[PDB]
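Engineer: Got a file for you: target38.cif, mmCIF, C-alpha atoms and all ligand atoms.
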data_start
loop_
_atom_site.label_atom_id
_atom_site.label_comp_id
_atom_site.auth_asym_id
_atom_site.auth_seq_id
_atom_site.Cartn_x
_atom_site.Cartn_y
_atom_site.Cartn_z
CA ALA T 2 -40.19 4.51 -16.45
CA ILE T 3 -36.52 3.86 -16.44
CA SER T 4 -35.11 5.95 -13.59
CA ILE T 5 -32.30 8.43 -14.29
CA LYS T 6 -29.78 8.67 -11.49
CA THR T 7 -28.65 12.02 -10.16
CA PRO T 8 -24.94 12.79 -9.80
CA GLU T 9 -25.29 12.12 -6.06
CA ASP T 10 -27.10 8.81 -6.77
CA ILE T 11 -24.28 7.85 -9.18
CA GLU T 12 -21.54 8.56 -6.61
CA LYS T 13 -23.46 6.30 -4.18
CA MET T 14 -23.49 3.65 -6.87
CA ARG T 15 -19.70 4.05 -7.33
CA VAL T 16 -19.29 3.36 -3.63
CA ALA T 17 -21.54 0.30 -3.67
CA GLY T 18 -20.10 -1.01 -6.89
CA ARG T 19 -16.56 -0.64 -5.51
CA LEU T 20 -17.50 -2.66 -2.39
CA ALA T 21 -19.03 -5.45 -4.50
CA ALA T 22 -15.82 -5.62 -6.66
CA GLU T 23 -13.70 -5.62 -3.55
CA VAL T 24 -15.47 -8.64 -2.15
CA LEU T 25 -14.36 -10.47 -5.32
CA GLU T 26 -10.78 -9.16 -4.97
CA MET T 27 -10.77 -10.18 -1.27
CA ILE T 28 -12.00 -13.73 -1.84
CA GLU T 29 -9.52 -14.63 -4.56
CA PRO T 30 -6.72 -16.12 -2.41
CA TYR T 31 -9.21 -18.39 -0.66
CA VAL T 32 -10.50 -19.94 -3.90
CA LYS T 33 -8.28 -23.05 -3.79
CA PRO T 34 -8.66 -26.81 -4.13
CA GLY T 35 -10.26 -28.22 -0.96
CA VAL T 36 -12.08 -25.11 0.28
CA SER T 37 -15.83 -25.43 0.85
CA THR T 38 -18.29 -23.09 -0.79
CA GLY T 39 -19.83 -22.74 2.73
CA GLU T 40 -16.53 -21.29 4.02
CA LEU T 41 -16.25 -18.93 1.03
CA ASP T 42 -19.75 -17.57 1.76
CA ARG T 43 -18.88 -17.03 5.45
CA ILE T 44 -15.68 -15.16 4.51
CA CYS T 45 -17.72 -12.96 2.15
CA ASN T 46 -20.57 -12.21 4.54
CA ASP T 47 -18.14 -11.46 7.46
CA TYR T 48 -16.25 -9.07 5.13
CA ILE T 49 -19.43 -7.32 3.84
CA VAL T 50 -20.93 -6.82 7.33
CA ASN T 51 -17.84 -6.35 9.57
CA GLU T 52 -15.44 -4.57 7.31
CA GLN T 53 -17.48 -2.86 4.60
CA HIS T 54 -20.36 -2.04 6.96
CA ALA T 55 -22.71 -3.01 4.16
CA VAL T 56 -25.39 -5.70 3.68
CA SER T 57 -25.70 -8.53 1.17
CA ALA T 58 -28.79 -8.10 -1.07
CA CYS T 59 -28.82 -11.85 -1.64
CA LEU T 60 -29.33 -12.82 1.99
CA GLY T 61 -33.06 -13.49 2.60
CA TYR T 62 -33.91 -12.46 -0.98
CA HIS T 63 -37.07 -14.53 -1.69
CA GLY T 64 -35.87 -16.50 1.31
CA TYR T 65 -32.43 -17.31 -0.10
CA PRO T 66 -30.40 -18.53 2.89
CA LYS T 67 -26.80 -17.44 2.03
CA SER T 68 -25.00 -14.19 1.30
CA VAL T 69 -23.44 -14.89 -2.15
CA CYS T 70 -24.27 -17.34 -4.90
CA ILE T 71 -21.52 -19.78 -5.83
CA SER T 72 -22.03 -21.76 -9.08
CA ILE T 73 -19.65 -24.51 -9.99
CA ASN T 74 -19.29 -26.13 -13.45
CA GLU T 75 -22.68 -27.12 -14.87
CA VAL T 76 -24.46 -24.97 -12.25
CA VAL T 77 -25.62 -21.94 -14.26
CA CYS T 78 -26.61 -19.67 -11.37
CA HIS T 79 -27.85 -19.40 -7.79
CA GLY T 80 -25.63 -22.18 -6.49
CA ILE T 81 -26.07 -22.41 -2.71
CA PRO T 82 -22.91 -22.24 -0.57
CA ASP T 83 -22.52 -25.54 1.25
CA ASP T 84 -20.04 -26.66 3.89
CA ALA T 85 -19.95 -30.10 2.30
CA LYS T 86 -19.19 -28.84 -1.25
CA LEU T 87 -15.40 -28.69 -1.86
CA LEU T 88 -13.74 -27.05 -4.82
CA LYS T 89 -11.30 -29.18 -6.78
CA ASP T 90 -8.82 -28.95 -9.55
CA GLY T 91 -10.25 -27.84 -12.90
CA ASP T 92 -13.46 -26.45 -11.53
CA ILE T 93 -14.88 -23.25 -12.97
CA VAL T 94 -16.67 -21.29 -10.27
CA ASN T 95 -18.89 -18.17 -10.42
CA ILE T 96 -19.10 -16.05 -7.26
CA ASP T 97 -21.90 -13.50 -7.56
CA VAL T 98 -22.06 -10.66 -5.08
CA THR T 99 -24.55 -7.92 -4.55
CA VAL T 100 -23.99 -5.36 -1.74
CA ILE T 101 -26.27 -2.55 -0.48
CA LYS T 102 -24.48 0.51 0.92
CA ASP T 103 -26.11 3.89 1.69
CA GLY T 104 -29.32 2.66 0.09
CA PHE T 105 -27.74 1.69 -3.29
CA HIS T 106 -26.86 -1.67 -4.84
CA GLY T 107 -23.61 -2.88 -6.49
CA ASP T 108 -23.91 -6.18 -8.37
CA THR T 109 -21.08 -8.13 -9.97
CA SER T 110 -19.74 -11.60 -10.49
CA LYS T 111 -16.74 -13.36 -12.09
CA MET T 112 -15.35 -16.78 -12.79
CA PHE T 113 -12.52 -18.37 -10.90
CA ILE T 114 -10.70 -21.41 -12.25
CA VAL T 115 -9.53 -23.63 -9.42
CA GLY T 116 -6.09 -25.17 -9.54
CA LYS T 117 -5.11 -26.72 -12.79
CA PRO T 118 -7.39 -25.30 -15.60
CA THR T 119 -9.06 -27.41 -18.21
CA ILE T 120 -8.76 -26.04 -21.68
CA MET T 121 -12.47 -26.05 -22.31
CA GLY T 122 -13.24 -24.41 -18.92
CA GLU T 123 -10.70 -21.71 -19.69
CA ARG T 124 -12.18 -21.13 -23.16
CA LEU T 125 -15.76 -20.95 -21.95
CA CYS T 126 -14.79 -18.40 -19.27
CA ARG T 127 -12.70 -16.35 -21.68
CA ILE T 128 -15.39 -16.17 -24.34
CA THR T 129 -18.05 -15.31 -21.63
CA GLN T 130 -15.90 -12.36 -20.40
CA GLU T 131 -15.22 -11.27 -23.95
CA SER T 132 -18.99 -11.25 -24.63
CA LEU T 133 -19.47 -8.99 -21.60
CA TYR T 134 -16.61 -6.72 -22.77
CA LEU T 135 -17.97 -6.48 -26.33
CA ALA T 136 -21.30 -5.39 -24.88
CA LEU T 137 -19.71 -2.78 -22.54
CA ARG T 138 -17.83 -1.28 -25.52
CA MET T 139 -21.23 -0.66 -27.22
CA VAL T 140 -22.96 1.21 -24.35
CA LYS T 141 -23.56 4.89 -25.10
CA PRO T 142 -26.44 7.31 -25.37
CA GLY T 143 -28.76 6.57 -28.25
CA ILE T 144 -27.84 2.94 -28.78
CA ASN T 145 -30.62 0.37 -28.39
CA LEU T 146 -30.33 -2.47 -25.88
CA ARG T 147 -31.53 -4.73 -28.62
CA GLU T 148 -28.36 -4.18 -30.63
CA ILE T 149 -26.36 -5.16 -27.57
CA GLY T 150 -28.23 -8.30 -26.88
CA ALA T 151 -28.05 -9.28 -30.55
CA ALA T 152 -24.28 -8.72 -30.58
CA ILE T 153 -23.64 -10.81 -27.45
CA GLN T 154 -25.62 -13.69 -28.90
CA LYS T 155 -23.93 -13.58 -32.30
CA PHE T 156 -20.45 -13.65 -30.70
CA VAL T 157 -21.21 -16.47 -28.27
CA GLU T 158 -22.96 -18.67 -30.88
CA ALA T 159 -20.10 -18.34 -33.34
CA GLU T 160 -17.84 -20.02 -30.76
CA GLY T 161 -20.28 -22.97 -30.55
CA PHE T 162 -21.68 -21.92 -27.17
CA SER T 163 -25.22 -20.83 -26.19
CA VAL T 164 -26.85 -17.93 -24.24
CA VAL T 165 -29.26 -18.74 -21.40
CA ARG T 166 -32.62 -17.08 -22.18
CA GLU T 167 -34.33 -17.26 -18.77
CA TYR T 168 -32.15 -14.66 -16.94
CA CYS T 169 -31.06 -11.20 -17.91
CA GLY T 170 -29.29 -8.16 -16.62
CA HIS T 171 -31.37 -5.37 -15.11
CA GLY T 172 -31.67 -1.79 -14.00
CA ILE T 173 -30.37 -1.27 -10.53
CA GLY T 174 -30.00 1.40 -7.85
CA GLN T 175 -32.19 1.70 -4.75
CA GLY T 176 -33.92 -1.52 -5.93
CA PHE T 177 -31.93 -4.69 -6.67
CA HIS T 178 -33.97 -5.15 -9.92
CA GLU T 179 -35.30 -2.08 -11.77
CA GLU T 180 -36.30 -1.48 -15.34
CA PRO T 181 -35.05 -2.27 -17.96
CA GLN T 182 -34.53 -5.92 -18.64
CA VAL T 183 -31.15 -6.44 -20.32
CA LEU T 184 -31.52 -9.53 -22.55
CA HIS T 185 -28.29 -11.07 -23.75
CA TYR T 186 -29.85 -12.20 -27.05
CA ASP T 187 -31.93 -10.60 -29.79
CA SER T 188 -35.66 -9.99 -29.20
CA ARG T 189 -38.26 -8.09 -31.14
CA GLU T 190 -39.56 -7.01 -27.71
CA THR T 191 -36.48 -5.05 -26.82
CA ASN T 192 -36.68 -1.35 -27.61
CA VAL T 193 -34.76 0.72 -25.04
CA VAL T 194 -32.72 3.63 -26.30
CA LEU T 195 -30.04 4.39 -23.71
CA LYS T 196 -29.72 7.73 -21.92
CA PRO T 197 -27.05 9.24 -19.65
CA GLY T 198 -27.62 8.40 -16.04
CA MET T 199 -29.27 4.99 -16.58
CA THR T 200 -27.67 2.36 -14.33
CA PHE T 201 -27.95 -1.29 -15.11
CA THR T 202 -26.07 -4.64 -15.22
CA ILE T 203 -24.82 -6.78 -18.09
CA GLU T 204 -24.41 -10.41 -17.03
CA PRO T 205 -24.54 -13.05 -19.79
CA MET T 206 -24.83 -16.68 -18.81
CA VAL T 207 -23.15 -18.84 -21.41
CA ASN T 208 -23.36 -22.61 -21.78
CA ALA T 209 -20.72 -24.73 -23.52
CA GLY T 210 -23.52 -27.04 -24.74
CA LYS T 211 -27.19 -26.34 -25.30
CA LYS T 212 -29.11 -23.31 -23.98
CA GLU T 213 -31.74 -25.16 -21.99
CA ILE T 214 -31.63 -25.15 -18.18
CA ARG T 215 -33.26 -26.99 -15.30
CA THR T 216 -33.96 -25.95 -11.68
CA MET T 217 -33.13 -28.50 -9.02
CA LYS T 218 -35.55 -29.76 -6.34
CA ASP T 219 -33.88 -27.49 -3.78
CA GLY T 220 -35.76 -24.69 -5.40
CA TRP T 221 -32.63 -22.63 -6.06
CA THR T 222 -29.85 -24.37 -7.97
CA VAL T 223 -30.07 -23.99 -11.74
CA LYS T 224 -28.13 -26.35 -14.00
CA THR T 225 -27.61 -26.91 -17.69
CA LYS T 226 -30.13 -29.46 -19.01
CA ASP T 227 -27.26 -31.25 -20.78
CA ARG T 228 -24.80 -30.98 -17.87
CA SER T 229 -22.45 -28.89 -19.95
CA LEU T 230 -20.28 -26.23 -18.28
CA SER T 231 -21.80 -22.79 -17.83
CA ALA T 232 -20.03 -19.47 -17.12
CA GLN T 233 -21.11 -15.90 -16.25
CA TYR T 234 -19.48 -12.50 -15.60
CA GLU T 235 -21.37 -9.36 -14.56
CA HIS T 236 -20.60 -5.66 -14.21
CA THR T 237 -22.80 -2.73 -12.99
CA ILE T 238 -22.49 0.34 -15.19
CA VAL T 239 -23.75 3.92 -15.63
CA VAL T 240 -24.43 5.38 -19.06
CA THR T 241 -22.42 8.58 -19.45
CA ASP T 242 -22.72 11.45 -22.00
CA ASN T 243 -20.12 9.81 -24.30
CA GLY T 244 -20.22 6.13 -23.35
CA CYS T 245 -20.26 4.37 -19.98
CA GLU T 246 -18.51 3.94 -16.66
CA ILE T 247 -18.00 0.48 -15.10
CA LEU T 248 -18.81 0.79 -11.44
CA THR T 249 -17.70 -2.71 -10.40
CA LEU T 250 -14.26 -2.81 -12.18
CA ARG T 251 -11.52 -4.96 -10.51
CA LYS T 252 -7.72 -4.84 -10.74
CA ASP T 253 -7.91 -8.00 -12.91
CA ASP T 254 -10.29 -6.53 -15.49
CA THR T 255 -8.71 -5.66 -18.74
CA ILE T 256 -11.03 -2.99 -20.02
CA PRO T 257 -10.88 0.66 -18.86
CA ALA T 258 -13.43 1.83 -16.25
CA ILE T 259 -14.41 4.76 -18.44
CA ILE T 260 -15.26 4.08 -22.03
CA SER T 261 -15.56 7.13 -24.27
CA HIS T 262 -16.83 7.33 -27.85
CA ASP T 263 -17.14 10.05 -30.51
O1 LIG T 301 -29.38 -10.27 -10.63
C1 LIG T 301 -29.07 -11.17 -9.85
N1 LIG T 301 -27.72 -11.59 -9.73
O2 LIG T 301 -26.81 -10.95 -10.43
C2 LIG T 301 -30.12 -11.94 -9.14
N2 LIG T 301 -31.40 -11.97 -9.31
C3 LIG T 301 -32.02 -12.80 -8.61
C4 LIG T 301 -31.10 -13.45 -7.86
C5 LIG T 301 -31.26 -14.54 -6.85
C6 LIG T 301 -32.00 -15.67 -7.18
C7 LIG T 301 -32.07 -16.74 -6.34
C8 LIG T 301 -31.27 -16.74 -5.21
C9 LIG T 301 -30.49 -15.68 -4.82
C10 LIG T 301 -30.45 -14.60 -5.70
CL1 LIG T 301 -29.37 -13.34 -5.31
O3 LIG T 301 -29.84 -12.83 -8.25
MN MN T 302 -25.22 -10.58 -9.52
MN MN T 303 -27.59 -9.03 -11.49
#
Would you kindly transcribe this structure into structure tokens?
Ligand SMILES: O=C(NO)c1ncc(-c2ccccc2Cl)o1
Ligand SMILES: [Mn+2]
Ligand SMILES: [Mn+2]
Structural biologist:
Amino acid sequence: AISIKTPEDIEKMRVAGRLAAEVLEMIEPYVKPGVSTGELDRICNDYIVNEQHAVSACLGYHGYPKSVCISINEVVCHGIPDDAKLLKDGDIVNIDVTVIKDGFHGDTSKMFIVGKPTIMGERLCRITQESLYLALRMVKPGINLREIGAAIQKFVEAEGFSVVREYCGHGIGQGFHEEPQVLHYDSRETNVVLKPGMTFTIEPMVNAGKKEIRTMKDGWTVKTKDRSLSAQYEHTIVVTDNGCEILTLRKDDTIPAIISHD
């Protein structure tokens, strides 16, 4: 049973998605050489709780001890904010935010490049966002998720990069993770024909080297097996009658919030 959101549910998800985007807009000017990831997480959690009057879905999730996940360079996902970990020139950094507001979740992440970019870091990030945007342009009633996952994979692999298989996007609303799974690669198991009112995330994790990953002994931090760079972007969307609506769009996105077909 994939849940179908009511109009009221969808407006709540606009609110929550807007707050999650706004955390990312807020944190931008702090993402500078020399800042700790510990400090970035405090700035985020203080903003979520004291200004947005919302809650982080990440905090305490399976015992996770911080409020956002911050994943630098070869860290693929779930990087733990750390007062001792300082950003530096050329770093690529994912900040992943999920807020709960009025009972509903907004989930989004983006890359930041710190200081002076490296060309490869810039390319990896660009192609990862472009794979998300290609997928968003496909979402409409009647399309199969499988076609989307296949398309993401084809695009990323042509650039000589790889798609992480172990993580996927997901349904979302009153639960952080709801059906369906949104694989970013082709699988004979995927057969979900989209309908208006479905809400879910698309969030490909792309490695510059090989697809395999490894979890660290801390129980949280996931890295590329080959220590290649890895990048991720994520939006929360609703399927509309003629396409979709991006609920976590930021000023810096370069795709329209409302995508119509016909
Ligand atoms: O869909 C997600 N992010 O976009 C998500 N799923 C699981 C987790 C998680 C895993 C380990 C630590 C903290 C968190 Cl938030 O994040
Ligand atoms: Mn997320
Ligand atoms: Mn997610």
Engineer: One decimal, in Å: what's the spacing between CA of residue 57 in chain T and CA of residue 101 in chain T?
Structural biologist: 6.2 Å
Engineer: Using only C-alpha atoms and all ligand atoms, which residue out of T:171, T:138, T:211, T:102 lies closest to ligand LIG 301 (chain T)?
Structural biologist: T:171
Engineer: At a cut-off of 6 Å and counting all atoms listed in the file, what residues surround ligand LIG 301 (chain T)? Please answer as an MDAnalysis selection string.
Structural biologist: chainID T and resid 59 65 79 108 221
Engineer: Here's a test: counting all atoms listed in the file, identify every protein, DNA and RNA residue with an atom at most 12 Å from (-32.7, -26.6, -7.3) in the file's coordinate frame, and state them as a VMD selection string.
Structural biologist: chain T and resid 65 72 76 to 81 214 to 225
Engineer: At a cut-off of 12 Å around ligand MN 303 (chain T), and using only C-alpha atoms and all ligand atoms, what residues come up? Please write them as a ChimeraX atom specification.
Structural biologist: /T:18,21,58-59,69-70,78-79,96-100,106-111,168-174,176-179,181-184,200-206,233-238,249
Engineer: Show me as a VMD selection string the residues that reach within 12 Å of (-20.4, -19.3, -32.4), counting all atoms listed in the file and using the file's own coordinates.
Structural biologist: chain T and resid 125 128 to 129 132 152 to 164 207 to 210
Engineer: Contacts of residue 28 in chain T at 10 Å or less, counting all atoms listed in the file, minus same-chain residues fewer than 3 places along, as a count of residues only?
Structural biologist: 11
Engineer: Could you check the closest approach to residue 54 in chain T for each of T:167, T:131, T:263, T:103 and tell me which residue wins, using only C-alpha atoms?
Structural biologist: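 Ranked by minimum distance to residue 54 in chain T, first place goes to T:103.
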Engineer: From the list T:55, T:22, T:256, T:137, which residue is nearest ligand MN 302 (chain T) when using all atoms listed in the file?
Structural biologist: T:22
Engineer: Determine the nearest neighbour of residue 39 in chain T from the options T:67, T:6, T:13, T:147, counting all atoms listed in the file.
Structural biologist: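 Closest to residue 39 in chain T of all the choices is T:67.
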Engineer: Just how far from CA of residue 121 in chain T is CA of residue 35 in chain T, in Å to one decimal?
Structural biologist: 21.6 Å
Engineer: Using CA of residue 199 in chain T and CA of residue 16 in chain T as the two end points, give the distance in Å to one decimal.
Structural biologist: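 Distance between the two atoms: 16.4 Å.
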Engineer: Which residues are near residue 113 in chain T? Cut-off 10 Å, all atoms listed in the file, ignore same chain within fewer than 2 positions. Put them as an MDAnalysis selection string.
Structural biologist: chainID T and resid 25 29 32:33 73 91:96 110:111 115:116 118 123 126 232
Engineer: Out of T:8, T:71, T:194, T:37, which residue has the shortest atom-to-atom distance to ligand MN 302 (chain T) when counting all atoms listed in the file?
Structural biologist: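 So, comparing all the options, the nearest one is T:71.
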Engineer: Nearest residue to ligand MN 302 (chain T) out of T:117, T:68, T:10, T:230, using all atoms listed in the file?
Structural biologist: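 Distance minimum relative to ligand MN 302 (chain T) lands on T:68.
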Engineer: Using the partial input, fill out range 179-193 of chain T with N, CA and C atoms; write the result as a PDB file, keeping the file's coordinate frame.
Structural biologist:
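Now in result_4.pdb:
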ATOM      1  N   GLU T 179     -34.577  -3.274 -11.319  1.00  0.00           N
ATOM      2  CA  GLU T 179     -35.300  -2.080 -11.770  1.00  0.00           C
ATOM      3  C   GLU T 179     -35.351  -2.230 -13.286  1.00  0.00           C
ATOM      4  N   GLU T 180     -36.227  -1.456 -13.906  1.00  0.00           N
ATOM      5  CA  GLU T 180     -36.300  -1.480 -15.340  1.00  0.00           C
ATOM      6  C   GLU T 180     -34.992  -0.860 -15.844  1.00  0.00           C
ATOM      7  N   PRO T 181     -34.515  -1.298 -17.016  1.00  0.00           N
ATOM      8  CA  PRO T 181     -35.050  -2.270 -17.960  1.00  0.00           C
ATOM      9  C   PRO T 181     -34.541  -3.671 -17.685  1.00  0.00           C
ATOM     10  N   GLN T 182     -35.153  -4.621 -18.374  1.00  0.00           N
ATOM     11  CA  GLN T 182     -34.530  -5.920 -18.640  1.00  0.00           C
ATOM     12  C   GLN T 182     -33.439  -5.746 -19.651  1.00  0.00           C
ATOM     13  N   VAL T 183     -32.303  -6.447 -19.407  1.00  0.00           N
ATOM     14  CA  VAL T 183     -31.150  -6.440 -20.320  1.00  0.00           C
ATOM     15  C   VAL T 183     -30.917  -7.860 -20.877  1.00  0.00           C
ATOM     16  N   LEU T 184     -31.683  -8.228 -21.899  1.00  0.00           N
ATOM     17  CA  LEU T 184     -31.520  -9.530 -22.550  1.00  0.00           C
ATOM     18  C   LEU T 184     -30.160  -9.660 -23.236  1.00  0.00           C
ATOM     19  N   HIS T 185     -29.583 -10.870 -23.112  1.00  0.00           N
ATOM     20  CA  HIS T 185     -28.290 -11.070 -23.750  1.00  0.00           C
ATOM     21  C   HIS T 185     -28.438 -11.774 -25.123  1.00  0.00           C
ATOM     22  N   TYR T 186     -29.574 -11.533 -25.790  1.00  0.00           N
ATOM     23  CA  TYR T 186     -29.850 -12.200 -27.050  1.00  0.00           C
ATOM     24  C   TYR T 186     -30.864 -11.281 -27.743  1.00  0.00           C
ATOM     25  N   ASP T 187     -31.106 -11.539 -28.996  1.00  0.00           N
ATOM     26  CA  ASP T 187     -31.930 -10.600 -29.790  1.00  0.00           C
ATOM     27  C   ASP T 187     -33.405 -10.901 -29.533  1.00  0.00           C
ATOM     28  N   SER T 188     -34.189  -9.835 -29.335  1.00  0.00           N
ATOM     29  CA  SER T 188     -35.660  -9.990 -29.200  1.00  0.00           C
ATOM     30  C   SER T 188     -36.316  -8.790 -29.804  1.00  0.00           C
ATOM     31  N   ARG T 189     -37.347  -9.095 -30.575  1.00  0.00           N
ATOM     32  CA  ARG T 189     -38.260  -8.090 -31.140  1.00  0.00           C
ATOM     33  C   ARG T 189     -39.017  -7.282 -30.054  1.00  0.00           C
ATOM     34  N   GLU T 190     -39.012  -7.763 -28.813  1.00  0.00           N
ATOM     35  CA  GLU T 190     -39.560  -7.010 -27.710  1.00  0.00           C
ATOM     36  C   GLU T 190     -38.648  -5.960 -27.143  1.00  0.00           C
ATOM     37  N   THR T 191     -37.350  -5.984 -27.484  1.00  0.00           N
ATOM     38  CA  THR T 191     -36.480  -5.050 -26.820  1.00  0.00           C
ATOM     39  C   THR T 191     -36.467  -3.758 -27.610  1.00  0.00           C
ATOM     40  N   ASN T 192     -36.814  -2.656 -26.958  1.00  0.00           N
ATOM     41  CA  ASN T 192     -36.680  -1.350 -27.610  1.00  0.00           C
ATOM     42  C   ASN T 192     -36.435  -0.285 -26.551  1.00  0.00           C
ATOM     43  N   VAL T 193     -35.190  -0.202 -26.091  1.00  0.00           N
ATOM     44  CA  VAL T 193     -34.760   0.720 -25.040  1.00  0.00           C
ATOM     45  C   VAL T 193     -33.536   1.450 -25.585  1.00  0.00           C
TER      46      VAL T 193
END
